[PDB]
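Chemist: Chains as they are written, first to last, in the working numbering: chain A, -15 to 35; chain B, 31 to 132.
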Ligand SMILES: *[C@@H]1O[C@H](CO)[C@@H](O)[C@H](O)[C@H]1NC(C)=O
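1) First and last residue of the beta strand (DSSP E) that includes residue -2(A)?
2) Give me the residue from 101(B), 64(B), 119(B) and 112(B) with the minimum Cα distance to residue 92(B).
3) Let me know the alpha helix (DSSP H) ranges lying completely inside the region 32 to 82 of chain B, each 4 residues or longer, listed in chain order.
4) On the DSSP bridge list, what partners appear for residue 122(B)?
5) Against chain A, does residue 120(B) count as a neighbour if the rule is that its beta carbon must be under 7 Å from one of theirs?
6) On the criterion of 16 or more Cβ atoms from any shown chain inside 10 Å, does residue 34(A) qualify as buried, or is it exposed?
7) Sorry if obvious, but does the Cβ on residue 140(B) come closer than 6 Å to a heavy atom of ligand 1?
8) What's the C-alpha gap between residue 56(B) and residue 79(B)?
9) Let me know the secondary structure DSSP gives residue 3(A) once reduced to three states.
10) Less than 8 Å between the CB atoms is what I'm expecting for residue 96(B) and residue 62(B), so what's the real figure, rounded?
11) Run through chain B and tell me which residues come within less than 9 Å of residue 16(A), C-beta to C-beta.
12) From this set, 106(B), 84(B), 83(B) and 85(B), which residue's C-alpha is nearest residue 94(B)'s C-alpha?
13) Give me the Cα-Cα distance between residue 21(A) and residue 14(A), rounded to the nearest whole angstrom.
14) Using alpha carbons as the reference points, say which of 68(B), 51(B) and 53(B) lies closest to residue 36(B).
15) Helix, strand or coil: how does DSSP classify residue 105(B) here?
16) If residue 71(B) sits next to residue 125(B), beta carbons under 8 Å apart, how far is it from one beta carbon to the other, in whole angstroms?
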């Protein structure tokens, strides 16, 4: 955003099987104030928000 | 450290079947020179990933010429990980691992 950025790099490791999977997903949150803009920049491993 | 000429990608597992929680104290070695990384851990850059079924910790070692403390320009970063009953400990490392003895 125009006030805060969050750069995340995914990790590739053999994690324990949780619910039958060795891969996970890291959820974050970002708050956009009135007037602020949301800029999502990704080249892979993105769990895009619907709204 | 390296054995002969190869440092394998260690992938061990240690389950917690005990009735109480376990605390594992493990560290990560940070060499002072680029030669110290290879003449001890072979690989160009190590990686320690001590993970559980609830939390993972991926550490990348730093190679910098730090001030001489106790006659050494290299340090070791100590970390921690709590394994609850039923949880499993998975240490995944290809170098720069200061493994816990217990
Ligand atoms: C690591 O070891 C665990 C248990 O021995 C196994 O389930 C897993 O597939 C191994 N991962 C790799 C990358 O060897």
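All C-beta atoms in this analysis are idealised placements derived from N, C-alpha and C, irrespective of residue type, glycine included.
Modeler: The answer reads as follows:
1) Unbroken run through residue -2(A): none, as it is neither H nor E.
2) 64(B)
3) 64 to 71
4) 41(B) and 79(B)
5) yes
6) exposed
7) In the structure as shown, chain B begins at 31 and stops at 132. Residue 140(B) is therefore absent and cannot be evaluated.
8) 11 Å
9) coil
10) 7 Å
11) Neighbours of residue 16(A) on chain B: none; closest Cβ ~29 Å, over 9 Å.
12) 106(B)
13) 11 Å
14) 68(B)
15) strand
16) 3 Å
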